[PDB]
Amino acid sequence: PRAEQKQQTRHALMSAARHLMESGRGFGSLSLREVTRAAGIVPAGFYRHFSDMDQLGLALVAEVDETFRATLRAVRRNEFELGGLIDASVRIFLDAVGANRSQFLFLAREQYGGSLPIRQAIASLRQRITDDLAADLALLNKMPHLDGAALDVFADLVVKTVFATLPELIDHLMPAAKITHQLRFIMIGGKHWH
């Protein structure tokens, strides 16, 4: 219809919330009045879209989720080529973060700091990425010395590092080279296990 305009106001409330966080503030400290004010609606209009600041947080987890998975697919595709595996995928990864900074900022900030419900949603997102990585290593036989249980712990290490790196990726020892160096240490670890 022109309920294409409704969604446009939906995006506005979402984008305003993310961008309001860009100065150092947490999502939990944001008022509904200040988000509607930044998005361009009267306070009460917020409810034609969300009942809760919490419900907006959840839509913010779901939004990063689409973006983050479109990125993992591009890395997955790239893993089938012989050699250079790490450097290429870091690049694809950093490109995508660069292209989508405020979403990843939301993730980096709220991953442990928000209201429990939003922390639950982030936990689910992170278990799926970890599972998907455990499946992919299992599939390609990249760590032959690791059984199912050891892969789940390894995969969890890899996802823990990437997630712990996000904040320094947002705003020699340059991000790219460091993270790549750091992931190398972990891969080597995985190969020489026994």
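Numbers for residues come from their place in the sequence shown, where the first is 1.
Would you determine, from the values in the PDB entry, which of 11-19 and 173-181 has the greater average C-alpha temperature factor? Looking at the recorded C-alpha B-factors, 173-181 comes out higher on average.
Do the C-alpha atoms of 152-160 or of 45-53 have the higher average B factor in the entry? Per the PDB entry, the higher value belongs to 45-53.
Quick one: which of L105, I122, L82, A74 has the biggest Cα B-factor according to the entry? So the option with the highest C-alpha B-factor is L82.
Hey, what third does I118 fall into on Cα B-factor, ranked over its chain? Highest third of the chain for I118's C-alpha B-factor.
Quick check for you: using the entry's CA B-factors within this chain, is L94 in the lowest, middle or highest third? Middle third - that is where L94 ends up once the chain's C-alpha B-factors are sorted.
How does the C-alpha B factor of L146 compare with the rest of the chain: lowest, middle or highest third? Its C-alpha B-factor, which the entry lists for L146, ranks in the highest third among residues of this chain.
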